[PDB]
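S.K.: As you go down the protein sequences, you meet chains R, X, U, S, L and H in turn.
Per this note's numbering, the first sequence starts with residue 1, numbered consecutively.
Per this note's numbering, the second sequence starts with residue 1001, numbered consecutively.
Per this note's numbering, the third sequence starts with residue 2001, numbered consecutively.
Per this note's numbering, the fourth sequence starts with residue 3001, numbered consecutively.
Per this note's numbering, the fifth sequence starts with residue 4001, numbered consecutively.
Per this note's numbering, the sixth sequence starts with residue 5001, numbered consecutively.
Where is the CB? At the ideal position from N, CA and C, for every residue including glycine.
Following this message is one structure expressed as structure tokens.
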Amino acid sequence: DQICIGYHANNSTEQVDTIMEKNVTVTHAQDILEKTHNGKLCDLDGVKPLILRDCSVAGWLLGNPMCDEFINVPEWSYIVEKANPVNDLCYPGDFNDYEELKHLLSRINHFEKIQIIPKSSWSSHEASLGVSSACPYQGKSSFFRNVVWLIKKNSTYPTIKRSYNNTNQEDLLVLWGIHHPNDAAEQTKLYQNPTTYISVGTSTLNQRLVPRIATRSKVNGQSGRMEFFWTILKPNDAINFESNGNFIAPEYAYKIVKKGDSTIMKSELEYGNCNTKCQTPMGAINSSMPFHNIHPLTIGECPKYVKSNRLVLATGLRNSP
Amino acid sequence: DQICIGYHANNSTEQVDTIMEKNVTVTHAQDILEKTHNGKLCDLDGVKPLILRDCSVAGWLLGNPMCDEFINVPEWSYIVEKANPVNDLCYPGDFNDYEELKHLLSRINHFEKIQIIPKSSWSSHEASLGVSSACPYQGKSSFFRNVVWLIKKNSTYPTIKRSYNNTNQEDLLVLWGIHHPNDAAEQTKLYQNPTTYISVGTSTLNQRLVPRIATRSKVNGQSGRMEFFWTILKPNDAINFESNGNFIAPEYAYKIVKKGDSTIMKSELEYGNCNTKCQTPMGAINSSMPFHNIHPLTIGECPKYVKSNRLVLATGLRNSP
Amino acid sequence: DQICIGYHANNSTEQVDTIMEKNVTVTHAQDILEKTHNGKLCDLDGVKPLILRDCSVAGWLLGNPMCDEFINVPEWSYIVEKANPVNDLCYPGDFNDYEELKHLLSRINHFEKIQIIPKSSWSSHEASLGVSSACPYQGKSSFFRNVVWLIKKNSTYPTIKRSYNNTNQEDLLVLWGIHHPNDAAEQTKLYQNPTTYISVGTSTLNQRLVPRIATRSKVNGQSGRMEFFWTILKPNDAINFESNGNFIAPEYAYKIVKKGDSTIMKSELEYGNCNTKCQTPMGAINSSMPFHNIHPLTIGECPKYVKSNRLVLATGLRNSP
Amino acid sequence: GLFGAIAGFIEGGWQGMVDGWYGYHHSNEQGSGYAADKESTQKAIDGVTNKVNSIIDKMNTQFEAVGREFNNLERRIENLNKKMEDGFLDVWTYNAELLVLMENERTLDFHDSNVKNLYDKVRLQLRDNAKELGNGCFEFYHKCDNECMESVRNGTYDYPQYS
Amino acid sequence: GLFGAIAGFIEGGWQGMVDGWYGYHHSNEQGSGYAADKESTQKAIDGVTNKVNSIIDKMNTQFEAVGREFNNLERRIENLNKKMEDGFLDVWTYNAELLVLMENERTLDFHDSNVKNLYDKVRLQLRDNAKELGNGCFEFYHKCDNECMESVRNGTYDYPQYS
Amino acid sequence: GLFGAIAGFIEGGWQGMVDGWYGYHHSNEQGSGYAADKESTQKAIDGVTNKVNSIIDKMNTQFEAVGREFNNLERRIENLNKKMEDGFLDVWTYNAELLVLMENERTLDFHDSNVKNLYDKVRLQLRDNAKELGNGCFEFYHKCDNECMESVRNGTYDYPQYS
Ligand SMILES: CC(=O)N[C@@H]1[C@@H](O[C@@H]2O[C@@H](C)[C@@H](O)[C@@H](O)[C@@H]2O)[C@H](O[C@H]2O[C@H](CO)[C@H](O)[C@H](O[C@]3(C(=O)O)C[C@H](O)[C@@H](NC(C)=O)[C@H]([C@H](O)[C@H](O)CO)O3)[C@H]2O)[C@@H](COS(=O)(=O)O)O[C@H]1O
Ligand SMILES: CC(=O)N[C@@H]1[C@@H](O[C@@H]2O[C@@H](C)[C@@H](O)[C@@H](O)[C@@H]2O)[C@H](O[C@H]2O[C@H](CO)[C@H](O)[C@H](O[C@]3(C(=O)O)C[C@H](O)[C@@H](NC(C)=O)[C@H]([C@H](O)[C@H](O)CO)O3)[C@H]2O)[C@@H](COS(=O)(=O)O)O[C@H]1O
Ligand SMILES: CC(=O)N[C@@H]1[C@@H](O[C@@H]2O[C@@H](C)[C@@H](O)[C@@H](O)[C@@H]2O)[C@H](O[C@H]2O[C@H](CO)[C@H](O)[C@H](O[C@]3(C(=O)O)C[C@H](O)[C@@H](NC(C)=O)[C@H]([C@H](O)[C@H](O)CO)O3)[C@H]2O)[C@@H](COS(=O)(=O)O)O[C@H]1O
Ligand SMILES: *[C@@H]1O[C@H](CO)[C@@H](O)[C@H](O)[C@H]1NC(C)=O
Ligand SMILES: *[C@@H]1O[C@H](CO)[C@@H](O)[C@H](O)[C@H]1NC(C)=O
Ligand SMILES: *[C@@H]1O[C@H](CO)[C@@H](O)[C@H](O)[C@H]1NC(C)=O
Ligand SMILES: *[C@@H]1O[C@H](CO)[C@@H](O)[C@H](O)[C@H]1NC(C)=O
Ligand SMILES: *[C@@H]1O[C@H](CO)[C@@H](O)[C@H](O)[C@H]1NC(C)=O
Ligand SMILES: *[C@@H]1O[C@H](CO)[C@@H](O)[C@H](O)[C@H]1NC(C)=O
Ligand SMILES: *[C@H]1O[C@H](CO)[C@@H](O)[C@H](O)[C@H]1NC(C)=O
Ligand SMILES: *[C@H]1O[C@H](CO)[C@@H](O)[C@H](O)[C@H]1NC(C)=O
Ligand SMILES: *[C@H]1O[C@H](CO)[C@@H](O)[C@H](O)[C@H]1NC(C)=O
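Spelled out as structure tokens, the structure:
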């Protein structure tokens, strides 16, 4: 008669690595790395992402006529922008502190658009012939819908002195611009006054822009430039404009109703019409794993990103051949 | 007869955590995390901190009249500034490269103030009526004590051409400013000359400032603005000023006698009249522990900061029930 | 009769550290830290470094006359620049976005120089008397060889309108400059026109420079200043210059033929005429060790840098006394 | 393994023992069979469970990347930003992979330890009342029925009775 | 524990042994008493002391936060700065907590090892001149007075005399 | 050491054994000599080799410094940059030095383990046919010639023949 001491074996082929030995077959293991995704851009916690498609953030916010989809957008969980969106600045130019503004959008979940300067209200200036072939809509020449390109009425561009008081109990994103003409002949043709300026003031802002003339290459069929500027107007504060030429007036200014966790995701992908609680630019994640290796930039309740191809913990013991 | 082998037990209840088991009672242990502080702002190694109280760094350095305490300050171990000090720029404006200057103060332990341009020396200009209601002292209108707000004498503002040679064998922090008036009527009222400038030169500096006019909101009861600039004037180098309007001249410039390890601490707390060798914004530390969890930003001979609530090393063995 | 079980010992004195015990003598060990270098700056993979010697990057690229060695330089593995090179800006001034340009050189292995504006081609302006005593060559007054300092011909400085089309299928580094004179008398003496400008345009660039006058300290025997600007001109794009004064025209522009892994190494050392596959500012490395402790900034196929003085792994067992 | 039991003096495991990690196999006149040792098995289950949760939780707070945009003349800070984000990923990747490697090795040696301690436990009960065969088995000098076998698993093997 | 001695075949510690970590308890006609084994105890004290200092010193050079200010249109670099400082705190917090966890476990197993090696040391001296009871105790076939007990603690137990 | 063999009950190593890490020394009428145990030795060589390569490879991807220049009014980002680069060097320096320390300790205990398992292997073969001297040696009750010695190293010691 005899009694023996021994241990479990089974038909498992799961292997784990150790310092001294690799590919050790064990009886039980636990994978802790999530390796898969659905391959789709998706609603986060039910809340749909703002998918700009081929429009950029600038095009959306300036109201580029190709970005008509994104007039009065509903609130978003996160934003999705392509790497090189074609519908950016239809009229050539620069966006001043564009990256800093984009960063501000990471703290923003919803804008509500409002009119501060009516387009009709320009009774002493011409406001409806401020268009270009670079921004076309339905075959006709158009422009950034949120701002008014002002020109002279009957060969006179009188000084503009416009003020807006922020009576809403919200911060307000105001956008405006300056036009840079090709030569002194076009300056006079558009605004007459040879030397011009735009002064913008708030409690904090103390700005004065002047148009810079230069011979430039044609971009989108135009060698003229537009330089767009922005500010956040705090509640109970007034913004003041004064200009005798080259001024792109604000018609609409976006109102910041909700501030939450958001992000500008960079992705060529479109929309899967799926729901998730953890989103990546490559697709969505649905797992209980403590780790994943899909993509570093995620939004939502996610496992931690690592570069590993494999993370498996031994739970059982060395399995026998 | 028998002999046994065994191990120590005692009345200890100290516990330690391990990977496989938590709250293991041991006979001996060693806490290595410092968890306490005295709750006070304190002298470091005997050397008192510069506590600005409700004044900011700008207010102190520009010589804001509410910061009269901080005229000719003694040397400091570190500086203490509140999050939102009320006595900042009494007259509305901006401080140019304020953060870069603040960073320079982290390498500075002592300033000595000296006069480079006497206030009397402005014989061709009016110098004693350069005040505002925004900076009040003892009921009367006053101004930043370290700089002179120059105005016209008998309806003429002649060109200023002043130079200062740094004969001290030290670097020298020079401060000056430009005034931005509300409208063209105030420009002429103050300085007469409609178009004005300020040119400042050194071996390195090549600056030319022009006043920017704009309609601005009232801050501290004034819609005018002051924009302050600075430089470090190296020994044996001269600074040159030329201006026909809107110039805030330097009366005093701070001399950098000592350069050492310092820091601008952010804290609402006042002064405990205590001494320490390791200081935090939350209070002071006095321990031999290798770690603490009070606050990341410390100054002096300190243990390392960690976010842990608990770090206890087993020294003894598993204690028996 | 008896049989014993035992283990190896030997005459080794190699020691290793552990958590509980230091200086443990073992029978076998493996040093994994590379501690030595040849002390020389060397060719990487056969390809020689661009050693600027006492010239800086600015001096080389602007064509400072003391940097005649570095006209039409061959391709380089990496660049070597001293901490404080004496031959920098012979004529006092600033280099605009110098650090950003230097960063661009980390992606560049070879420039090829080409002429875009011939010096002779200035038929309406004087081009051969644009020199200073600050940049001397062979005893005579000279200037940055790559740019033309233009002055008036027979007391008239007519407007310049020059354009260059990038017909090469490469990016092109263009350099130009503006001169800042001492006073209004020198402005008129050099260029006559009292108020002057330089407008530079490309598809992206929209610049307009104006000279800033100020009384400045003499640097290199001159109180005048030169401010140098640059751009990358993409293929099939034109750059346009317009100026009525103070313009430093481009004679030559560097062509970017090869883009590869490069680096601007900071070192006082010269040239060992040696070859390596891993280079540091302190010297070259030739080892199979996984680590070294020479210097963090390396180029090429290198072991990893650590701050350790010692890393030795026990391979054998505890050796006996 | 460090403790010499698993794949050591006990050459291989038992496919026939399914209700536990460690246990006994008896053979006598009445028959043979596998019986899992519950105490040592449950102790192993607890140790490994805590370990997995301990590992999960230590990694639970770790670096998270965020998207940040820079223009064409902000290349230095763009590059600083990239290296910062990448640098932390390498640190956290290294931590995860190393911890798994180190703790996997400890887990297998833990199992080896538990088998050996169970073997010694039995050895210390039986003393000189059985032959230590050298393979994990003890061969009895006396006839050992299923109650006798149970007393060994019990911990209650009455040495003085069979001596 | 890994080595099976502490809370294992030796079920519990001794409140009555105060002058050391490991030792012996004897009982004979003349009396009983605890005697701490100095060698194994001092060796444990040295190992733990070095370990604590080794731990302290490895953490001694580590990331230090510094205060840096940014204006309202420098939010990106302000945020980069925050993540950098926070990121290093998580790395160093993780290192500290993990090291304590891992080395605490090794410390308890170290103590378990030292007891077992001391027990085996005695076992190897006594050989078949005493009964291995199974609880940490050895029961002598011969009468063992206080000098006899001392020879076992000595390391000088004269096996051939009592055989 | 943890396993009590090296510098333990086997007081010292053998200068005379050059062809392996662990082995046997025999002494009988015909002579004496050292014979290295190949199996346990090759197993140790493999474990240590893998360990060294495992260590090398985990460190193979790690932070690399890059040169970045900043002007006189970019001191904040210059300082951020320095702290970032320095911070990662401290992390990777710490990782390297700690890993070496921890794995060195495990390597020495690994060797201690291998000797002990080899000693027990022999002990389990010989059983009560030899005297366990207490020093790593087994003294035979029967005369044991070079073939008899070889059977012990073989693993083929025929216990029933010499019993
Ligand atoms: C062969 C020829 O001379 N044809 C002229 C047109 O000019 C030609 O086409 C241009 C694209 C360019 O290649 C010219 O060199 C060329 O000669 C001429 O007008 C056009 O050219 C001007 C350039 O100065 C403008 O580009 C203009 O386009 C618009 C535009 O769509 O953007 C027209 C628009 O209504 C204008 N809007 C406003 C609010 O001003 C803008 C704007 O002035 C400009 O973008 C600001 O920089 O320009 C082209 O139509 C054409 C009509 O003359 S026009 O009245 O001056 O426009 O007449 C052809 O014979
Ligand atoms: C109802 C009315 O018209 N009252 C005027 C004053 O102006 C108005 O009343 C103020 C109390 C306030 O409500 C204003 O919005 C309004 O215009 C007038 O002057 C005052 O207002 C002006 C605005 O243009 C100035 O703010 C001035 O304040 C000072 C100041 O304290 O800062 C006075 C000071 O002496 C000036 N210092 C220097 C060196 O010039 C400064 C400075 O000019 C300005 O800050 C630069 O931007 O302004 C108010 O006193 C008042 C007195 O006239 S005054 O001669 O201009 O001072 O007369 C009432 O009838
Ligand atoms: C005692 C006296 O008045 N001497 C003048 C010279 O000027 C003075 O003496 C100098 C030695 C020096 O110490 C000056 O500080 C002082 O004013 C005068 O010209 C010289 O000084 C002027 C100062 O404005 C210039 O710096 C000039 O230098 C050059 C130069 O080499 O850089 C000469 C060069 O040909 C010029 N090149 C071009 C393309 O213009 C430059 C350039 O004008 C300047 O750098 C732009 O800011 O200046 C000194 O030669 C001297 C000759 O007169 S000159 O025609 O003005 O050159 O005459 C003495 O009597
Ligand atoms: C371990 O297994 C993997 C996956 O099957 C295989 O690709 C790899 O080559 C193996 N490595 C070693 C060292 O055995
Ligand atoms: C408008 O703004 C001013 C400040 O410019 C504020 O004091 C006032 O109360 C605001 N509201 C209205 C209704 O005028
Ligand atoms: C261990 O102890 C703490 C407090 O001493 C207790 O709150 C915690 O829940 C315990 N953890 C476990 C796993 O029992
Ligand atoms: C003043 O500064 C000049 C430089 O402009 C220097 O050369 C001179 O030696 C200084 N000292 C005096 C006393 O002039
Ligand atoms: C170990 O050895 C080094 C170098 O030989 C010596 O300087 C050091 O003091 C020693 N440290 C200890 C703890 O023995
Ligand atoms: C020159 O550049 C223009 C645009 O400025 C481009 O369209 C043209 O094809 C280029 N080449 C020639 C030979 O004109
Ligand atoms: C164990 O088993 C025996 C029968 O073999 C039984 O008599 C005894 O009560 C049991 N003891 C325990 C502690 O389970
Ligand atoms: C130990 O004790 C015995 C007495 O019991 C004594 O004869 C012997 O000399 C001692 N040896 C040592 C090494 O202490
Ligand atoms: C080992 O040695 C004996 C002789 O000493 C021989 O008869 C036997 O076959 C050998 N066995 C093995 C496995 O080598």
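Does the beta carbon of residue 2329 of chain U sit closer than 8 Å to a beta carbon anywhere in chain L?
M.R.: Because residue 2329 of chain U is not part of the residues shown, which for chain U are 2001 to 2321, the question remains open.
S.K.: What I want to know is whether the C-beta of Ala238 of chain R ends up closer than 7 Å to one or more non-hydrogen atoms of ligand 5.
M.R.: Your numbering for residue 238 of chain R matches position 238 in the first sequence. Yes; taking the cut-off as 7 Å, the Cβ of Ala238 of chain R has a heavy atom of ligand 5 nearer than that.
S.K.: Of the residues X:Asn1023, X:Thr1202 and X:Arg1216, which one's Cα is nearest the Cα of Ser1163 of chain X?
M.R.: Within the second sequence, the letter at position 163 stands for residue 1163 of chain X. Nearest option by C-alpha distance: X:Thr1202.
S.K.: Who are the neighbours of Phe4009 of chain L on chain S, taking C-beta pairs under 9 Å?
M.R.: Mapped onto the fifth sequence, residue 4009 of chain L falls at position 9. Residues of chain S passing the Cβ test: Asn3117, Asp3120, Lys3121 and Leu3124.
S.K.: If we ignore side chains and look at the alpha-carbon of each, how far apart do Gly2039 of chain U and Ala2284 of chain U end up?
M.R.: Taking the third sequence and counting its residues from 1, the one referred to as residue 2039 of chain U is at position 39. Taking the third sequence and counting its residues from 1, the one referred to as residue 2284 of chain U is at position 284. Cα to Cα, the separation comes out at about 6 Å.
S.K.: Work out the CA separation of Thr5061 of chain H and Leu313 of chain R for me, nearest whole Å.
M.R.: Position 313 of the first sequence, counting from 1, holds the residue named residue 313 of chain R. Position 61 of the sixth sequence, counting from 1, holds the residue named residue 5061 of chain H. Using only the alpha carbons, I get a separation of about 22 Å.
S.K.: Could you tell me which residues DSSP pairs with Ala5130 of chain H in its beta bridges?
M.R.: On the sixth sequence, position 130 is the one that residue 5130 of chain H refers to. Partner(s): H:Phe5140.
S.K.: Any residues in the region 4075 to 4087 of chain L with a beta carbon nearer than 7 Å to a beta carbon of chain H? Which ones, in chain order?
M.R.: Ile4077, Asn4081 and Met4084
S.K.: Specify the secondary structure class of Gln1169 of chain X as computed by DSSP and reduced to three states.
M.R.: Numbered from its first residue, the second sequence carries residue 1169 of chain X at position 169. DSSP places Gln1169 of chain X in coil when its eight states are reduced to three.
S.K.: Note the first and the last residue of the continuous alpha helix (DSSP H) segment covering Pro4160 of chain L.
M.R.: Looking up residue 4160 of chain L in the fifth sequence gives position 160. Counting along the chain, the alpha helix (DSSP H) containing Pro4160 of chain L begins and ends at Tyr4159 to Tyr4162.
S.K.: Per DSSP, what are the beta-bridge partners of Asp94 of chain R in this structure?
M.R.: Residue 94 of chain R sits at position 94 when you count from the first residue of the first sequence. In the DSSP output, where bridge partners are listed per residue, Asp94 of chain R has R:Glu227.
S.K.: Drop a sphere of 10 angstroms on the beta-carbon of residue 2997 of chain S, count the other beta-carbons inside from all chains shown, and report buried for 16 or more, exposed for fewer.
M.R.: This structure cannot settle anything about residue 2997 of chain S, because the visible part of chain S is limited to 3001 through 3163.
S.K.: Could you name the residues whose beta carbon sits closer than 6 Å to any heavy atom belonging to ligand 4, keeping them in chain order?
M.R.: R:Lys22 and R:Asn23
S.K.: Report the residues of the region 5033 to 5063 of chain H with a CB closer than 9 Å to any CB of chain S, ordered along the chain.
M.R.: Cβ contacts with chain S come from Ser5054, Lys5058, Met5059, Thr5061, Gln5062 and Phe5063.
S.K.: List the residues that DSSP assigns as beta-bridge partners of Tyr1137 of chain X.
M.R.: Translated into the one-based positions of the second sequence, residue 1137 of chain X becomes position 137. DSSP lists X:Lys1140 as partners of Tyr1137 of chain X.
S.K.: Does the beta-carbon distance from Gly2224 of chain U to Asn2109 of chain U come in below 8 Å?
M.R.: For the purposes of this step, residue 2224 of chain U is identified with residue 224 of the third sequence, where counting begins at 1. For the purposes of this step, residue 2109 of chain U is identified with residue 109 of the third sequence, where counting begins at 1. No, Cβ-Cβ distance for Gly2224 of chain U and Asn2109 of chain U is not below 8 Å.
S.K.: Given a limit of 7 Å on CB to CB distance, which residues of the region 2194 to 2221 of chain U reach chain X?
M.R.: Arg2212, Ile2213, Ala2214, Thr2215, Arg2216, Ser2217 and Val2219
S.K.: Between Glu2186 of chain U and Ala1184 of chain X, what straight-line distance do the alpha-carbon atoms span, to the nearest angstrom?
M.R.: Working through the third sequence from its first residue, we reach residue 2186 of chain U at position 186. Working through the second sequence from its first residue, we reach residue 1184 of chain X at position 184. C-alpha separation (whole angstroms): 31 Å.
S.K.: Does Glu3103 of chain S get closer than 8 Å to chain X when you measure Cβ to Cβ?
M.R.: Position 103 of the fourth sequence, counting from 1, holds the residue named residue 3103 of chain S. For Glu3103 of chain S, the answer is yes, since a Cβ of chain X falls inside 8 Å of its Cβ.
S.K.: State whether the region 2162 to 2177 of chain U contacts the region 2231 to 2239 of chain U, with contact taken as three or more CB pairs (one from each stretch) at a distance under 8 Å.
M.R.: yes
S.K.: Using the Cβ count rule (16 or more neighbours within 10 Å means buried), how would you classify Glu268 of chain R?
M.R.: Here residue 268 of chain R is taken as the residue at index 268 of the first sequence, counted from 1. Its Cβ having fewer than 16 others within 10 Å, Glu268 of chain R is exposed.
S.K.: Just the chain X side, please: which residues come within less than 9 Å of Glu242 of chain R by C-beta, in chain order?
M.R.: As a working note, residue 242 of chain R is residue 242 in the first sequence. Those within 9 Å of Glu242 of chain R in chain X are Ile1213, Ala1214 and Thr1215.
S.K.: Within 8 Å (strictly less), CB to CB, does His1180 of chain X reach chain R?
M.R.: On the second sequence, residue 1180 of chain X is found 180 positions in, with the first residue counted as 1. Interface flag for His1180 of chain X against chain R is set, since a Cβ pair is found closer than 8 Å.
S.K.: Could you round the C-beta distance between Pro2250 of chain U and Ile2117 of chain U to whole angstroms and report it? I think they count as a contact, below 8 Å.
M.R.: Here the question's residue 2250 of chain U lines up with position 250 in the third sequence. Here the question's residue 2117 of chain U lines up with position 117 in the third sequence. Contact holds; Cβ gap of about 6 Å.
S.K.: Is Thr1167 of chain X near ligand 7, judged by its Cβ being under 7 Å from some heavy atom?
M.R.: Here residue 1167 of chain X is taken as the residue at index 167 of the second sequence, counted from 1. The nearest non-hydrogen atom of ligand 7 is less than 7 Å from the C-beta of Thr1167 of chain X.
S.K.: Distance cutoff 8 Å, beta carbons only. Does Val4152 of chain L sit that close to anything in chain H?
M.R.: In the fifth sequence, residue 4152 of chain L corresponds to position 152, counting from 1. Chain H, which has no Cβ nearer than 8 Å to the Cβ of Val4152 of chain L, makes this no.
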